[PDB]
């Protein structure tokens, strides 16, 4: 189900949902895939995460023009690392409203990234305060606690069985938790579990660096994270 468009890959996950994938050479780990989402909600399109770069992110927008041909209303990005926010400039230049966790926006500049235009804030129970996520449509945003990074957020898609863990969640056969440079090692396992608990109906777990997996990905990630304490 993998449709190729330039150097990116687009896979349809549900009637109105596609996964976007872009690649970055990291001498040392090969050409590393990073995944986000594209969601059509009526007459507009919503994006979760940029690609690694502005040029790749512009190509996402070109694919949207070709295959969907509706305006992109907004993007939400799930933490301040290059794989998730490297293409913010391309979104802004295209006039697309952007949203991120407030903490992501605070950290973005010192990370060499462009902050989103708008900040999300979260209730005590982890769910986004809805007034900070206007026009999010079926996107349901949850802060599970610090894990892969202190600012990591997660997104469910109402009307589907899909939940997106971003870089918090690794697949059920992953050998490690990947980049732990900015991780909260004490809290990671609990945060991974909290993501699962927030989206109990989700059977397709989408994540940054592997194809979509079952809920076992969540359990496996949390077991690996337990080893960090």
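Positions refer to the first chain, counted from 1.
- As listed in the deposited structure, the average C-alpha B-factor of 167 to 175 and of 40 to 48 is greater for 167 to 175.
- For the pair 21 to 29 and 6 to 14, the mean Cα B-factor is higher in 21 to 29.
- Per the deposited record, 93 carries the highest C-alpha B-factor of all listed residues (93, 120, 75, 141).
- Split the chain's modelled residues into thirds by C-alpha temperature factor. Residue 83 is in the lowest one.
- Sort the chain's modelled residues by C-alpha temperature factor and residue 113 lands in the middle third, per the entry.
- For residue 54, the recorded CA B-factor ranks within the lowest third of the chain. Only modelled residues enter the ranking.
- Among the modelled residues of the chain, residue 211 sits in the highest third by CA temperature factor in this PDB entry.
- Placement of the Cα temperature factor of residue 183 within the chain: middle third of the modelled residues, per the deposited record.
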